[PDB]
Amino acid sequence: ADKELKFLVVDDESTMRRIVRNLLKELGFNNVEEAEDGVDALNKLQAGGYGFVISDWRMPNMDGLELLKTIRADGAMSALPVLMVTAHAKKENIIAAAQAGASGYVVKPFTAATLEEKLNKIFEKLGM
C-alpha cells in the first residue's frame, strides 16, 4: 500500500494506540494520527485526508460499533477502510461488526504478525 496512507488509530487506552502506531511505523506508515473515542475520531475524519481507520470497540462518548456505522452511512466516507481491534471476542460481537461493514477484525491480545496479516488482507481486498 501507499506508505503515505493516512491512518487514524482510535482507542480509549493510550497504551493500545501506542502499540498500533509503532506497529504501523515498522510497516512503513508514518502518517498516523490518534483519537481517544468515536467522537474525537469523527472530528479528525471531518478534518479530512484519512485513508484508513483502526478502531477499538469499547470507548466512552461513542463506541467503535457506532463509529463504524456512522462512517459507513456517511456519503463522504462510506467506503473508508475500518479495521476493528478489540478485546470483544464473542461471535455475536464479530457478527455485529462484520454486518455493520467492518473491513476486518482483530481480537486483543494480538501479535505484530496478526496485525500485518489482517492489514494486508484488507489492502488486497480493496486493491490498495
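Residue indices: 1-based, along the sequence shown.
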| said: Mean CA temperature factor from the deposited coordinates, higher in 71-79 or in 51-59? | reply: 71-79
| remark: residue 46: CA temperature factor from the record, placed by chain third, in the highest
| request: For residue 86, return the chain-relative third of its C-alpha B-factor as stated in the PDB record: lowest, middle or highest. | output: lowest
| field | Chain-relative CA temperature factor third for residue 35 | value | middle
| task | Sort the modelled residues of this chain by their C-alpha B factor and say whether residue 13 lands in the lowest, middle or highest third. | result | middle
| task | Classify residue 119 as lowest, middle or highest third according to the C-alpha B-factor given in the PDB entry, relative to its own chain. | result | highest
